[PDB]
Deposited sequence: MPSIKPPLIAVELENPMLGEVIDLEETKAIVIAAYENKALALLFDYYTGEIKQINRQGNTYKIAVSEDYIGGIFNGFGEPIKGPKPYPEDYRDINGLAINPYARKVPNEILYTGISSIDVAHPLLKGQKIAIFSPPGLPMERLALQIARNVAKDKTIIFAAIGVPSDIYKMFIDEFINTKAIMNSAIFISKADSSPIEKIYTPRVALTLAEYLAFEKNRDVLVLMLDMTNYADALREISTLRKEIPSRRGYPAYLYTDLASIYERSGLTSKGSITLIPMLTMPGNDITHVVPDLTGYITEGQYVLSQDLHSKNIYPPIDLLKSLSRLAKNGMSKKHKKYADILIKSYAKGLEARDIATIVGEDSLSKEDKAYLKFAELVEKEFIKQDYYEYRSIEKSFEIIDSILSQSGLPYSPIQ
């Protein structure tokens, strides 16, 4: 089970013990919405409770909702059914979900039903990257956006961007503000994944769930667990953080019916990848895309670090040719970065003709391959022909 349960409850009382089918303690509430913790994560009576449920329907698509599933902008969706927002055979993913982004599609392609994170240093345009992915996929697949405890700036960027894009026409957005309740933030991914499960596994669709910012989410857990002194901590957060995150990320995958592709996006607190949030997320997920502070400084958008990014399922969906291009790109980019480091000490003149070719390759890759216009969609073939071109200009083969 999830250690943290979204329960529905009239007049919830802090620390009351509710009977579900196990038992659990109420640790937070907002109106009739409550969060109950299992005892296996408690160091310390009755009443009965229901799991929190929402209407599910395809009418959610095109709408905008808060973290509770309540509409903000748009009508109440026609309830076609009710689903427990806590959730409940799987196949191994083998088809690439193309993003139309070269830095992703070639070396680290994403597969339908994969869970893979994005890690961003503080200040980098992770949110725009989210939007760009959403636009490029919404043309083909249904997007569910789970925006967790986002600030007013961002908040307005999401609303305005999606609406005006007409990406909204094949998207649903579940969004909580930064000044909203911790419980609404914690509810947000759950409500989002609940609709996703419904659209994927009951309506036979391929959906893509973008979820950010996981660090805000963890911080919401830390906020409620703060004044409750019988909830133990590990690494500055509640000890149930690992199992809670796994219970969220594992609500994704591939079946004979549909697929949920999940991309949890997070800020690494001090640009520190060993922080507990990135550390656990990357432990659970099938790789992650890492954003480069260095590329950002060079005014490169999408600032995707080619060598630190990793898609563990990528090879299972790549053709012979695709693996070839992926291999050369990474190997040579890495080689060029070496050459670059040598050059910072002895100059480009002191480089072998080999190292000069790699240095040239890496420079071109940064400028013509990774660097991509927000509104540009690159087919995989296009992306290949960029590499073909760059290979030619560098004089390798």
Relative to the deposited sequence numbered from 1, which residue ranges are unmodelled? 1 to 4, 26, 50 to 53, 98 to 102, 412 to 416
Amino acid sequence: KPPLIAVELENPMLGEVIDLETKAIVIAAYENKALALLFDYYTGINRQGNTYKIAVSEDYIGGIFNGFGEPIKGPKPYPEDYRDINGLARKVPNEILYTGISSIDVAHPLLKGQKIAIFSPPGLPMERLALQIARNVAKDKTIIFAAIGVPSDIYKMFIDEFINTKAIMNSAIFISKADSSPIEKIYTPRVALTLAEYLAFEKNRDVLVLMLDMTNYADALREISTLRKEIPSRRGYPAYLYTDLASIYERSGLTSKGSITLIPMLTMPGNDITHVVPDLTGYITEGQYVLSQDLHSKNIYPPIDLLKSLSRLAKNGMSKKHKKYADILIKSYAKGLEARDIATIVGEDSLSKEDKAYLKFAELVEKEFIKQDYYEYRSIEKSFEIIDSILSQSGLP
From here on, numbers count along this sequence of modelled residues.
Of 33 to 41 and 328 to 336, which one has the bigger average CA B-factor? 33 to 41
Looking only at CA atoms, which has the higher mean B factor in the entry: 152 to 160 or 264 to 272? 152 to 160
Based on what the PDB entry reports, which of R190, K308, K323, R205 has the top C-alpha B-factor? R205
Highest recorded C-alpha temperature factor, please, choosing from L254, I118, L195, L227. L227
Select lowest, middle or highest to describe the third in which the CA B-factor of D140 falls within its chain in this entry. highest
Would the CA B-factor of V17 place it in the lowest, middle or highest third of its chain? lowest
Entry-reported C-alpha B-factor of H296 relative to its chain, by third, is highest
Thinking about Cα B factors across the chain, which third does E363 belong to? middle
Taking the entry's C-alpha B-factors for this chain, is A343 in the lowest, middle or highest third? middle
